[PDB]
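Student: Input structure: coords06.pdb, which contains PDB, C-alpha atoms.
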ATOM      1  CA  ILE A  13      -1.261  19.415 -27.963  1.00  0.00           C
ATOM      2  CA  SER A  14      -4.499  17.635 -29.145  1.00  0.00           C
ATOM      3  CA  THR A  15      -7.332  15.482 -27.672  1.00  0.00           C
ATOM      4  CA  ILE A  16      -8.328  11.964 -28.872  1.00  0.00           C
ATOM      5  CA  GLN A  17     -12.013  10.903 -29.098  1.00  0.00           C
ATOM      6  CA  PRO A  18     -13.408   8.806 -26.141  1.00  0.00           C
ATOM      7  CA  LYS A  19     -15.091   5.355 -26.524  1.00  0.00           C
ATOM      8  CA  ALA A  20     -18.372   6.098 -28.369  1.00  0.00           C
ATOM      9  CA  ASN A  21     -21.491   5.091 -26.339  1.00  0.00           C
ATOM     10  CA  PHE A  22     -19.309   3.879 -23.404  1.00  0.00           C
ATOM     11  CA  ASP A  23     -21.280   2.737 -20.306  1.00  0.00           C
ATOM     12  CA  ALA A  24     -19.978   2.393 -16.711  1.00  0.00           C
ATOM     13  CA  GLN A  25     -22.973   0.065 -15.965  1.00  0.00           C
ATOM     14  CA  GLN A  26     -21.330  -2.388 -18.466  1.00  0.00           C
ATOM     15  CA  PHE A  27     -17.638  -1.392 -18.251  1.00  0.00           C
ATOM     16  CA  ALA A  28     -17.313  -2.449 -14.563  1.00  0.00           C
ATOM     17  CA  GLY A  29     -15.397  -4.606 -12.037  1.00  0.00           C
ATOM     18  CA  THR A  30     -11.659  -5.445 -12.042  1.00  0.00           C
ATOM     19  CA  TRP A  31      -9.010  -4.528 -14.676  1.00  0.00           C
ATOM     20  CA  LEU A  32      -5.439  -5.899 -14.168  1.00  0.00           C
ATOM     21  CA  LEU A  33      -2.709  -3.390 -15.143  1.00  0.00           C
ATOM     22  CA  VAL A  34      -0.529  -4.655 -18.010  1.00  0.00           C
ATOM     23  CA  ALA A  35       1.622  -1.574 -18.677  1.00  0.00           C
ATOM     24  CA  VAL A  36       1.888   2.261 -18.686  1.00  0.00           C
ATOM     25  CA  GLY A  37       3.150   4.589 -21.438  1.00  0.00           C
ATOM     26  CA  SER A  38       4.638   7.751 -19.868  1.00  0.00           C
ATOM     27  CA  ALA A  39       7.579  10.177 -20.297  1.00  0.00           C
ATOM     28  CA  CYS A  40       7.783  10.754 -16.481  1.00  0.00           C
ATOM     29  CA  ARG A  41      11.326  10.692 -14.921  1.00  0.00           C
ATOM     30  CA  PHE A  42      10.076   8.742 -11.848  1.00  0.00           C
ATOM     31  CA  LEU A  43       9.549   5.537 -13.926  1.00  0.00           C
ATOM     32  CA  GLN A  44      12.957   6.166 -15.627  1.00  0.00           C
ATOM     33  CA  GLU A  45      15.022   6.499 -12.335  1.00  0.00           C
ATOM     34  CA  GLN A  46      12.816   5.154  -9.429  1.00  0.00           C
ATOM     35  CA  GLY A  47      10.809   2.625 -11.568  1.00  0.00           C
ATOM     36  CA  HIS A  48      12.700  -0.507 -10.295  1.00  0.00           C
ATOM     37  CA  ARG A  49      10.928  -2.604  -7.568  1.00  0.00           C
ATOM     38  CA  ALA A  50       7.534  -1.822  -9.212  1.00  0.00           C
ATOM     39  CA  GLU A  51       4.252  -3.118  -7.689  1.00  0.00           C
ATOM     40  CA  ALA A  52       1.370  -5.438  -8.707  1.00  0.00           C
ATOM     41  CA  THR A  53      -1.529  -3.090  -9.662  1.00  0.00           C
ATOM     42  CA  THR A  54      -5.198  -3.179 -10.829  1.00  0.00           C
ATOM     43  CA  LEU A  55      -8.186  -0.871 -11.441  1.00  0.00           C
ATOM     44  CA  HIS A  56     -11.649  -1.617 -10.033  1.00  0.00           C
ATOM     45  CA  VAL A  57     -14.734   0.246 -11.442  1.00  0.00           C
ATOM     46  CA  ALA A  58     -18.452   0.850 -10.639  1.00  0.00           C
ATOM     47  CA  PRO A  59     -21.303   3.060 -12.054  1.00  0.00           C
ATOM     48  CA  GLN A  60     -22.466   6.272 -10.261  1.00  0.00           C
ATOM     49  CA  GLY A  61     -23.574   8.465 -13.275  1.00  0.00           C
ATOM     50  CA  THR A  62     -21.674   9.590 -16.401  1.00  0.00           C
ATOM     51  CA  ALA A  63     -18.693   9.824 -13.976  1.00  0.00           C
ATOM     52  CA  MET A  64     -16.983   6.479 -13.146  1.00  0.00           C
ATOM     53  CA  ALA A  65     -16.562   5.465  -9.459  1.00  0.00           C
ATOM     54  CA  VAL A  66     -13.105   3.842  -9.064  1.00  0.00           C
ATOM     55  CA  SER A  67     -10.444   2.165  -6.928  1.00  0.00           C
ATOM     56  CA  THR A  68      -6.836   1.241  -7.688  1.00  0.00           C
ATOM     57  CA  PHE A  69      -5.502  -1.760  -5.737  1.00  0.00           C
ATOM     58  CA  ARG A  70      -1.702  -2.015  -5.301  1.00  0.00           C
ATOM     59  CA  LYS A  71       1.043  -3.474  -3.047  1.00  0.00           C
ATOM     60  CA  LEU A  72       3.419  -1.078  -1.240  1.00  0.00           C
ATOM     61  CA  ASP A  73       6.594  -2.867   0.021  1.00  0.00           C
ATOM     62  CA  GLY A  74       4.627  -6.149   0.460  1.00  0.00           C
ATOM     63  CA  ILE A  75       1.526  -4.612   2.201  1.00  0.00           C
ATOM     64  CA  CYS A  76      -1.710  -4.332   0.127  1.00  0.00           C
ATOM     65  CA  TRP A  77      -3.362  -0.897  -0.429  1.00  0.00           C
ATOM     66  CA  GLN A  78      -6.436   0.724  -2.058  1.00  0.00           C
ATOM     67  CA  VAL A  79      -6.731   4.180  -3.761  1.00  0.00           C
ATOM     68  CA  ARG A  80     -10.486   5.183  -3.778  1.00  0.00           C
ATOM     69  CA  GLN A  81     -11.272   7.892  -6.423  1.00  0.00           C
ATOM     70  CA  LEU A  82     -14.261   9.509  -8.285  1.00  0.00           C
ATOM     71  CA  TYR A  83     -13.722  10.282 -11.992  1.00  0.00           C
ATOM     72  CA  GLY A  84     -15.871  13.490 -12.047  1.00  0.00           C
ATOM     73  CA  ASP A  85     -16.979  13.919 -15.693  1.00  0.00           C
ATOM     74  CA  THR A  86     -16.149  16.862 -18.039  1.00  0.00           C
ATOM     75  CA  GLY A  87     -19.718  17.023 -19.487  1.00  0.00           C
ATOM     76  CA  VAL A  88     -18.432  14.665 -22.291  1.00  0.00           C
ATOM     77  CA  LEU A  89     -19.134  10.886 -22.116  1.00  0.00           C
ATOM     78  CA  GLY A  90     -15.934   8.933 -21.268  1.00  0.00           C
ATOM     79  CA  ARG A  91     -13.960  12.156 -20.325  1.00  0.00           C
ATOM     80  CA  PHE A  92     -13.169  13.023 -16.662  1.00  0.00           C
ATOM     81  CA  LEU A  93     -11.112  15.410 -14.419  1.00  0.00           C
ATOM     82  CA  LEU A  94      -9.980  13.180 -11.430  1.00  0.00           C
ATOM     83  CA  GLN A  95     -11.706  15.676  -8.993  1.00  0.00           C
ATOM     84  CA  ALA A  96      -8.427  17.645  -8.351  1.00  0.00           C
ATOM     85  CA  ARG A  97      -8.138  16.120  -4.789  1.00  0.00           C
ATOM     86  CA  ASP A  98      -4.566  17.412  -4.081  1.00  0.00           C
ATOM     87  CA  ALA A  99      -2.262  20.401  -4.937  1.00  0.00           C
ATOM     88  CA  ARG A 100      -1.179  18.732  -8.271  1.00  0.00           C
ATOM     89  CA  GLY A 101      -4.736  19.712  -9.338  1.00  0.00           C
ATOM     90  CA  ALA A 102      -6.807  18.025 -12.049  1.00  0.00           C
ATOM     91  CA  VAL A 103      -5.811  15.142 -14.329  1.00  0.00           C
ATOM     92  CA  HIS A 104      -7.681  14.811 -17.643  1.00  0.00           C
ATOM     93  CA  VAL A 105      -8.832  11.125 -17.871  1.00  0.00           C
ATOM     94  CA  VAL A 106     -10.318   9.225 -20.871  1.00  0.00           C
ATOM     95  CA  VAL A 107     -11.365   5.672 -21.890  1.00  0.00           C
ATOM     96  CA  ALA A 108     -10.152   5.412 -25.514  1.00  0.00           C
ATOM     97  CA  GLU A 109     -10.176   1.774 -26.805  1.00  0.00           C
ATOM     98  CA  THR A 110     -11.860  -1.294 -25.204  1.00  0.00           C
ATOM     99  CA  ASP A 111     -13.981  -4.379 -25.287  1.00  0.00           C
ATOM    100  CA  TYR A 112     -15.563  -4.965 -21.853  1.00  0.00           C
ATOM    101  CA  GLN A 113     -14.984  -8.745 -22.170  1.00  0.00           C
ATOM    102  CA  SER A 114     -11.146  -8.622 -22.498  1.00  0.00           C
ATOM    103  CA  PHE A 115      -9.316  -5.228 -22.534  1.00  0.00           C
ATOM    104  CA  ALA A 116      -9.276  -1.482 -21.779  1.00  0.00           C
ATOM    105  CA  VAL A 117      -6.961   1.404 -22.831  1.00  0.00           C
ATOM    106  CA  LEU A 118      -7.059   4.743 -20.943  1.00  0.00           C
ATOM    107  CA  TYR A 119      -5.440   8.155 -21.623  1.00  0.00           C
ATOM    108  CA  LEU A 120      -4.354  10.376 -18.702  1.00  0.00           C
ATOM    109  CA  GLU A 121      -2.951  13.939 -18.964  1.00  0.00           C
ATOM    110  CA  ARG A 122      -1.637  16.727 -16.687  1.00  0.00           C
ATOM    111  CA  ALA A 123       0.519  19.840 -17.294  1.00  0.00           C
ATOM    112  CA  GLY A 124       0.309  19.347 -21.102  1.00  0.00           C
ATOM    113  CA  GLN A 125       1.844  15.795 -21.075  1.00  0.00           C
ATOM    114  CA  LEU A 126       0.016  12.677 -22.382  1.00  0.00           C
ATOM    115  CA  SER A 127       0.221   9.198 -20.774  1.00  0.00           C
ATOM    116  CA  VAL A 128      -1.610   5.874 -21.455  1.00  0.00           C
ATOM    117  CA  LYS A 129      -2.503   2.599 -19.672  1.00  0.00           C
ATOM    118  CA  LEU A 130      -3.303  -0.953 -20.864  1.00  0.00           C
ATOM    119  CA  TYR A 131      -5.499  -3.333 -18.859  1.00  0.00           C
ATOM    120  CA  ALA A 132      -6.875  -6.849 -19.361  1.00  0.00           C
ATOM    121  CA  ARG A 133      -9.883  -8.208 -17.351  1.00  0.00           C
ATOM    122  CA  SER A 134      -7.973 -11.415 -16.327  1.00  0.00           C
ATOM    123  CA  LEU A 135      -4.310 -12.560 -15.978  1.00  0.00           C
ATOM    124  CA  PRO A 136      -3.415 -12.996 -19.760  1.00  0.00           C
ATOM    125  CA  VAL A 137      -3.343 -10.386 -22.591  1.00  0.00           C
ATOM    126  CA  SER A 138      -3.407 -10.835 -26.418  1.00  0.00           C
ATOM    127  CA  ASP A 139      -0.417  -9.621 -28.514  1.00  0.00           C
ATOM    128  CA  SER A 140      -2.968  -8.021 -30.920  1.00  0.00           C
ATOM    129  CA  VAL A 141      -4.293  -5.911 -27.976  1.00  0.00           C
ATOM    130  CA  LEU A 142      -0.708  -5.093 -26.930  1.00  0.00           C
ATOM    131  CA  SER A 143       0.092  -4.015 -30.541  1.00  0.00           C
ATOM    132  CA  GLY A 144      -3.039  -1.784 -30.579  1.00  0.00           C
ATOM    133  CA  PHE A 145      -1.959  -0.251 -27.234  1.00  0.00           C
ATOM    134  CA  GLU A 146       1.494   0.590 -28.689  1.00  0.00           C
ATOM    135  CA  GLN A 147      -0.351   2.555 -31.428  1.00  0.00           C
ATOM    136  CA  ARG A 148      -2.158   4.411 -28.562  1.00  0.00           C
ATOM    137  CA  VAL A 149       1.303   5.038 -26.968  1.00  0.00           C
ATOM    138  CA  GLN A 150       2.482   6.378 -30.378  1.00  0.00           C
ATOM    139  CA  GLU A 151      -0.740   8.511 -30.582  1.00  0.00           C
ATOM    140  CA  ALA A 152       0.318   9.825 -27.123  1.00  0.00           C
ATOM    141  CA  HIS A 153       3.630  10.659 -29.006  1.00  0.00           C
ATOM    142  CA  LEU A 154       5.632   8.225 -26.798  1.00  0.00           C
ATOM    143  CA  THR A 155       8.123   5.449 -27.663  1.00  0.00           C
ATOM    144  CA  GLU A 156       7.805   1.779 -26.631  1.00  0.00           C
ATOM    145  CA  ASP A 157      10.823   2.375 -24.273  1.00  0.00           C
ATOM    146  CA  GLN A 158       8.559   4.791 -22.326  1.00  0.00           C
ATOM    147  CA  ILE A 159       6.351   1.735 -21.811  1.00  0.00           C
ATOM    148  CA  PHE A 160       6.844   0.333 -18.291  1.00  0.00           C
ATOM    149  CA  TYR A 161       5.434  -3.190 -17.716  1.00  0.00           C
ATOM    150  CA  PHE A 162       3.993  -4.095 -14.299  1.00  0.00           C
ATOM    151  CA  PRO A 163       3.972  -7.315 -12.213  1.00  0.00           C
ATOM    152  CA  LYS A 164       2.118 -10.111 -14.076  1.00  0.00           C
ATOM    153  CA  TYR A 165       1.496 -11.893 -10.741  1.00  0.00           C
ATOM    154  CA  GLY A 166       0.737 -11.209  -7.051  1.00  0.00           C
ATOM    155  CA  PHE A 167      -2.292  -8.902  -7.642  1.00  0.00           C
ATOM    156  CA  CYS A 168      -4.434  -7.852  -4.640  1.00  0.00           C
ATOM    157  CA  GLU A 169      -8.040  -6.861  -3.829  1.00  0.00           C
ATOM    158  CA  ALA A 170     -10.000  -6.241  -0.557  1.00  0.00           C
ATOM    159  CA  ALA A 171      -7.283  -4.467   1.530  1.00  0.00           C
ATOM    160  CA  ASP A 172      -7.926  -3.591   5.236  1.00  0.00           C
ATOM    161  CA  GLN A 173      -9.298  -0.193   6.410  1.00  0.00           C
ATOM    162  CA  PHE A 174      -5.937   1.506   7.222  1.00  0.00           C
ATOM    163  CA  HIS A 175      -4.724   0.639   3.750  1.00  0.00           C
ATOM    164  CA  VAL A 176      -7.533   2.480   1.910  1.00  0.00           C
ATOM    165  CA  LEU A 177      -6.640   6.174   1.201  1.00  0.00           C
ATOM    166  CA  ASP A 178     -10.268   7.583   1.127  1.00  0.00           C
ATOM    167  CA  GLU A 179      -9.208  10.185  -1.531  1.00  0.00           C
ATOM    168  CA  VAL A 180     -12.675  10.223  -3.284  1.00  0.00           C
TER     169      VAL A 180
ATOM    170  CA  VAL B 146      28.565   0.037 -11.694  1.00  0.00           C
ATOM    171  CA  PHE B 147      25.165  -1.572 -12.387  1.00  0.00           C
ATOM    172  CA  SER B 148      24.239  -3.578  -9.302  1.00  0.00           C
ATOM    173  CA  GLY B 149      22.562  -6.860 -10.237  1.00  0.00           C
ATOM    174  CA  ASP B 150      20.924  -6.624  -6.757  1.00  0.00           C
ATOM    175  CA  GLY B 151      18.482  -3.862  -5.712  1.00  0.00           C
ATOM    176  CA  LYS B 152      18.592  -3.195  -9.542  1.00  0.00           C
ATOM    177  CA  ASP B 153      20.280   0.231  -9.768  1.00  0.00           C
ATOM    178  CA  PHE B 154      23.304   2.144 -11.106  1.00  0.00           C
ATOM    179  CA  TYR B 155      25.861   3.516  -8.588  1.00  0.00           C
ATOM    180  CA  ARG B 156      28.994   5.756  -8.453  1.00  0.00           C
ATOM    181  CA  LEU B 157      32.316   4.604  -6.900  1.00  0.00           C
ATOM    182  CA  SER B 158      35.172   6.615  -5.332  1.00  0.00           C
ATOM    183  CA  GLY B 159      38.922   6.322  -6.107  1.00  0.00           C
ATOM    184  CA  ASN B 160      39.292   5.384  -2.371  1.00  0.00           C
ATOM    185  CA  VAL B 161      37.775   1.900  -3.033  1.00  0.00           C
ATOM    186  CA  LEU B 162      40.108  -0.667  -4.670  1.00  0.00           C
ATOM    187  CA  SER B 163      37.112  -2.813  -5.694  1.00  0.00           C
ATOM    188  CA  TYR B 164      33.339  -2.728  -5.365  1.00  0.00           C
ATOM    189  CA  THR B 165      32.213  -6.036  -6.742  1.00  0.00           C
ATOM    190  CA  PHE B 166      28.405  -6.770  -6.795  1.00  0.00           C
ATOM    191  CA  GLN B 167      28.720 -10.566  -6.259  1.00  0.00           C
ATOM    192  CA  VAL B 168      25.971 -12.242  -4.154  1.00  0.00           C
ATOM    193  CA  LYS B 169      26.379 -15.077  -1.680  1.00  0.00           C
ATOM    194  CA  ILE B 170      23.977 -16.309   0.937  1.00  0.00           C
ATOM    195  CA  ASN B 171      25.058 -19.083   3.265  1.00  0.00           C
ATOM    196  CA  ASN B 172      22.665 -20.773   5.625  1.00  0.00           C
ATOM    197  CA  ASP B 173      23.150 -23.306   8.375  1.00  0.00           C
ATOM    198  CA  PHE B 174      20.303 -24.791  10.360  1.00  0.00           C
ATOM    199  CA  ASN B 175      20.403 -27.132  13.292  1.00  0.00           C
ATOM    200  CA  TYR B 176      17.172 -28.328  14.920  1.00  0.00           C
ATOM    201  CA  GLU B 177      17.352 -30.916  17.716  1.00  0.00           C
ATOM    202  CA  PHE B 178      14.472 -32.472  19.588  1.00  0.00           C
ATOM    203  CA  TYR B 179      13.737 -34.768  22.511  1.00  0.00           C
ATOM    204  CA  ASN B 180      10.531 -36.055  24.090  1.00  0.00           C
ATOM    205  CA  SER B 181       9.958 -38.677  26.830  1.00  0.00           C
ATOM    206  CA  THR B 182       7.029 -40.153  28.823  1.00  0.00           C
ATOM    207  CA  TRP B 183       6.491 -42.810  31.513  1.00  0.00           C
ATOM    208  CA  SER B 184       3.744 -44.369  33.649  1.00  0.00           C
ATOM    209  CA  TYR B 185       3.887 -46.922  36.496  1.00  0.00           C
ATOM    210  CA  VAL B 186       1.560 -48.837  38.880  1.00  0.00           C
ATOM    211  CA  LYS B 187       2.101 -51.011  42.001  1.00  0.00           C
ATOM    212  CA  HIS B 188      -0.472 -52.839  44.177  1.00  0.00           C
ATOM    213  CA  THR B 189      -0.383 -55.146  47.241  1.00  0.00           C
ATOM    214  CA  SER B 190      -2.916 -56.836  49.564  1.00  0.00           C
ATOM    215  CA  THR B 191      -2.575 -59.068  52.670  1.00  0.00           C
ATOM    216  CA  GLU B 192      -5.648 -60.671  54.196  1.00  0.00           C
ATOM    217  CA  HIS B 193      -6.922 -63.067  56.924  1.00  0.00           C
ATOM    218  CA  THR B 194      -9.886 -64.805  58.531  1.00  0.00           C
TER     219      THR B 194
END
Before we go any further, please render this structure as structure tokens.
Tutor:
Amino acid sequence: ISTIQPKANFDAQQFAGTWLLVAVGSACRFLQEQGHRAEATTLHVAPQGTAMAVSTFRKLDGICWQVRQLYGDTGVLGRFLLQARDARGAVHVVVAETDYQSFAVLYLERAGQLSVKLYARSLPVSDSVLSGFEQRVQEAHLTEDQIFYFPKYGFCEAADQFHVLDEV
Amino acid sequence: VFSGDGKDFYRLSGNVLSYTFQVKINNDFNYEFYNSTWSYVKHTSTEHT
């Protein structure tokens, strides 16, 4: 197992706001067997230090939800530990390829297994960006069939109080 | 069978002669409405000197 380099001179004061989920590269059996009836999903990001401050917004069975999180940093710029907030423990988190105007690609790892995510800052995504992300999926040693593509419509933000998790 | 609805694979028993996975939805609506309104006035006067 080996670690990719993060985005050089990344900055959470400039990489910020919304990011609509395009797709996820992962080997995990959940997306293979449960993965049907998937949900519209987006990241939302703000500065607090070297560590990113983050939310995910998502629908669950037609009700909108928010996952608040802090990406506590590893001492390396653009590398984080997900603050180990539950018994699954830490997740290694990285920003790997991006331009803050149009797209972001993230790597996430736990229990020795790599996974990757593609985002665009608005509804559409370029096929050149999607082709570059498939190389990041192949650098995660995954196939394009282990890419799962998420709802290109029906995104949500600003959920009510009882639909934010407060995980931090 | 792959169900084209709820999007999943399933297992069938030799007790079932056929499990099909066709969809049909049949709807019938009837809505019926009435409204009515009236107003009336009468006056009389009878006078002397």
Student: What is the distance between atom CA of residue A:108 and atom CA of residue A:150, in Å to one decimal?
Tutor: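 Taking atom CA of residue A:108 as the start and atom CA of residue A:150 as the end point, the length is 13.6 Å.
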Student: Identify all residues satisfying the PyMOL selection byres ((chain A and resi 41-57) around 9) in the given file; provide them as a PDB file with C-alpha atoms, in the frame of the given file.
Tutor:
ATOM      1  CA  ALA A  24     -19.978   2.393 -16.711  1.00  0.00           C
ATOM      2  CA  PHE A  27     -17.638  -1.392 -18.251  1.00  0.00           C
ATOM      3  CA  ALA A  28     -17.313  -2.449 -14.563  1.00  0.00           C
ATOM      4  CA  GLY A  29     -15.397  -4.606 -12.037  1.00  0.00           C
ATOM      5  CA  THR A  30     -11.659  -5.445 -12.042  1.00  0.00           C
ATOM      6  CA  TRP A  31      -9.010  -4.528 -14.676  1.00  0.00           C
ATOM      7  CA  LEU A  32      -5.439  -5.899 -14.168  1.00  0.00           C
ATOM      8  CA  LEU A  33      -2.709  -3.390 -15.143  1.00  0.00           C
ATOM      9  CA  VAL A  34      -0.529  -4.655 -18.010  1.00  0.00           C
ATOM     10  CA  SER A  38       4.638   7.751 -19.868  1.00  0.00           C
ATOM     11  CA  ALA A  39       7.579  10.177 -20.297  1.00  0.00           C
ATOM     12  CA  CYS A  40       7.783  10.754 -16.481  1.00  0.00           C
ATOM     13  CA  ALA A  58     -18.452   0.850 -10.639  1.00  0.00           C
ATOM     14  CA  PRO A  59     -21.303   3.060 -12.054  1.00  0.00           C
ATOM     15  CA  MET A  64     -16.983   6.479 -13.146  1.00  0.00           C
ATOM     16  CA  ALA A  65     -16.562   5.465  -9.459  1.00  0.00           C
ATOM     17  CA  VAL A  66     -13.105   3.842  -9.064  1.00  0.00           C
ATOM     18  CA  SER A  67     -10.444   2.165  -6.928  1.00  0.00           C
ATOM     19  CA  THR A  68      -6.836   1.241  -7.688  1.00  0.00           C
ATOM     20  CA  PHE A  69      -5.502  -1.760  -5.737  1.00  0.00           C
ATOM     21  CA  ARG A  70      -1.702  -2.015  -5.301  1.00  0.00           C
ATOM     22  CA  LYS A  71       1.043  -3.474  -3.047  1.00  0.00           C
ATOM     23  CA  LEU A  72       3.419  -1.078  -1.240  1.00  0.00           C
ATOM     24  CA  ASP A  73       6.594  -2.867   0.021  1.00  0.00           C
ATOM     25  CA  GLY A  74       4.627  -6.149   0.460  1.00  0.00           C
ATOM     26  CA  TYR A 131      -5.499  -3.333 -18.859  1.00  0.00           C
ATOM     27  CA  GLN A 158       8.559   4.791 -22.326  1.00  0.00           C
ATOM     28  CA  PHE A 160       6.844   0.333 -18.291  1.00  0.00           C
ATOM     29  CA  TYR A 161       5.434  -3.190 -17.716  1.00  0.00           C
ATOM     30  CA  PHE A 162       3.993  -4.095 -14.299  1.00  0.00           C
ATOM     31  CA  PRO A 163       3.972  -7.315 -12.213  1.00  0.00           C
ATOM     32  CA  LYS A 164       2.118 -10.111 -14.076  1.00  0.00           C
ATOM     33  CA  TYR A 165       1.496 -11.893 -10.741  1.00  0.00           C
ATOM     34  CA  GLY A 166       0.737 -11.209  -7.051  1.00  0.00           C
ATOM     35  CA  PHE A 167      -2.292  -8.902  -7.642  1.00  0.00           C
ATOM     36  CA  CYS A 168      -4.434  -7.852  -4.640  1.00  0.00           C
ATOM     37  CA  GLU A 169      -8.040  -6.861  -3.829  1.00  0.00           C
TER      38      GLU A 169
ATOM     39  CA  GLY B 151      18.482  -3.862  -5.712  1.00  0.00           C
ATOM     40  CA  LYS B 152      18.592  -3.195  -9.542  1.00  0.00           C
ATOM     41  CA  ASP B 153      20.280   0.231  -9.768  1.00  0.00           C
TER      42      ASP B 153
END
Student: Can you spell out as a PyMOL selection string the set of residues that the PyMOL selection byres ((chain A and resi 171-178) around 8) selects in the structure I just provided?
Tutor: chain A and resi 69+76-81+168-170+179-180
Student: Calculate how many Å separate atom CA of residue A:25 from atom CA of residue A:60, rounding to one decimal.
Tutor: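 Atom-to-atom, atom CA of residue A:25 and atom CA of residue A:60 are spaced 8.4 Å apart.
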Student: Please evaluate the PyMOL selection byres ((chain B and resi 161-166) around 8) against the structure above and give the resulting residues as JSON, numbers by chain.
Tutor: {"B": [148, 149, 150, 157, 158, 159, 160, 167, 168]}
Student: Between atom CA of residue B:171 and atom CA of residue B:147, what is the distance, to one decimal in Å?
Tutor: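 Taking atom CA of residue B:171 as the start and atom CA of residue B:147 as the end point, the length is 23.5 Å.
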Student: Smallest atom-to-atom distance to residue A:153: which of A:118, A:22, A:112, A:128, using only C-alpha atoms?
Tutor: A:128
